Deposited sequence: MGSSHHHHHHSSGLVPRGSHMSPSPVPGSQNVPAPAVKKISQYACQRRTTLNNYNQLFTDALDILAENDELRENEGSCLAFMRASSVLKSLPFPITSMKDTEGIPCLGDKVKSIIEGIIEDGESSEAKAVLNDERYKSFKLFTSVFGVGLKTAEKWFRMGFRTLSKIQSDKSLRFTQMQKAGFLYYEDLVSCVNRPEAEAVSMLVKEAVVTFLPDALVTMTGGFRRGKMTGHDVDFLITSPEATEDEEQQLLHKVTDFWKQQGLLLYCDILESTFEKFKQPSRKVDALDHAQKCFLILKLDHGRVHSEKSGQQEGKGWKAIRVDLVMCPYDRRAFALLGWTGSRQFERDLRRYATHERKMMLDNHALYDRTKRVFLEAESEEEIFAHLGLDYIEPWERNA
């Protein structure tokens, strides 16, 4: 069986037999993201992804024969881990002051690569020193990121994700009773934890205006209940979406009595719900490779809204994810097998 270089042609389940290798490759990838080396970052993410798909652990260099996305640099890293159970390259990154600061600072909601680099060059090394500084000015996103830091840093579990699903569905059906709400992201792929809870909302009978107002109505409703801790709505991925922080009462889940949860809502037109569901189910790596496969192997363009055939100069229709896979000439990969 020839392992494909594309995550969309691999079944990647949550039982990872090569976490010793992939934890090291994930660290090296993250460091290349920080050093703005996009190419080397992507090569380590693809190597890590292919090893996550293996149905067995790598125990010798012979085991890497025929595996794609493993060049000489990556094979040197694997060799070193086989040697003593550790990666000297990943260990050097874990001890690097810039890397430590970037991981720590970007762990705050509202802090990305640019702000983390700025704070590092200002001489900041701890979150306590950043928060207590009287000259720094924080965005509304960063204020929320610091205020709900401990809750957001400890990730969401499945009872919490299910409790959030109930809250989202309850709010959405009050303004659109025919609306279909689907939990997407990691949790749809069978993950037991996640940094956030994502939802795809669609309605078969809503108007263009009704579709536009739903996220504003749902967030105003939560604001009135005192459950909206943060809200950023992006007007109509070109679909209308919102990045939220919701107050999840402990009583709803099967101290302060509540937990701050990162929630993302995406609203899409009913017809395009298969493309949106596919795009928002992920994983990130699965999505990139789906689009890369479509471009390089089928001369097709795929995105969260549509599938276009560049040769035939026609858009291809789909009522399900299965139909999208069939258009692309791919065997159907179940959501729990997309953990690339």
Should a student be asked to find the unmodelled regions, what ranges of the deposited sequence would be the right answer here?
1 to 37, 274 to 288, 307 to 314
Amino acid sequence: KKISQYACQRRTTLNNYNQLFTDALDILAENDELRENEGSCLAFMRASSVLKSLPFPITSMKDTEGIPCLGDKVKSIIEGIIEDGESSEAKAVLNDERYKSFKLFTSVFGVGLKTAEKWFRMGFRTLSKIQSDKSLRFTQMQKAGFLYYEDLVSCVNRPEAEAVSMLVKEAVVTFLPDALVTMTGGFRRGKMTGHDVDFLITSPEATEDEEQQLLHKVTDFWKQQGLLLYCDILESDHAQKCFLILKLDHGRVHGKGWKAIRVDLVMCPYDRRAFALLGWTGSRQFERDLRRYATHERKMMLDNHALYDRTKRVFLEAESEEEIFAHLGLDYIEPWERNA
From here on, numbers count along this sequence of modelled residues.
Would you say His216 goes unmodelled in a third or more of the other compared entries?
no
Given the other compared entries that model the residues flanking it, would you say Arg137 is unmodelled in at least one third?
no
Can you tell me whether 295 to 303 has a higher mean C-alpha B factor than 64 to 72 in this record, or the other way round?
64 to 72
Per the entry, where is the mean C-alpha temperature factor higher: 103 to 111 or 211 to 219?
211 to 219
I'd like to know which of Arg35, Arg310, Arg273, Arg288 has the highest C-alpha temperature factor in the PDB entry.
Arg35
I'd like to know which of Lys259, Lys129, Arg188, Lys143 has the highest C-alpha temperature factor in the PDB entry.
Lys129
Ranking the modelled residues of this chain by C-alpha B-factor as given in the entry, is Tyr149 in the lowest, middle or highest third?
lowest
Entry-reported Cα temperature factor of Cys231, expressed as the chain third it lands in
middle
Tell me, lowest, middle or highest third: where does the Cα B factor of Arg338 rank within its chain?
lowest
Looking at the temperature factor on the CA atom of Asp96, which third of the chain's modelled residues does it land in?
highest
Select lowest, middle or highest to describe the third in which the CA B-factor of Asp264 falls within its chain in this entry.
lowest
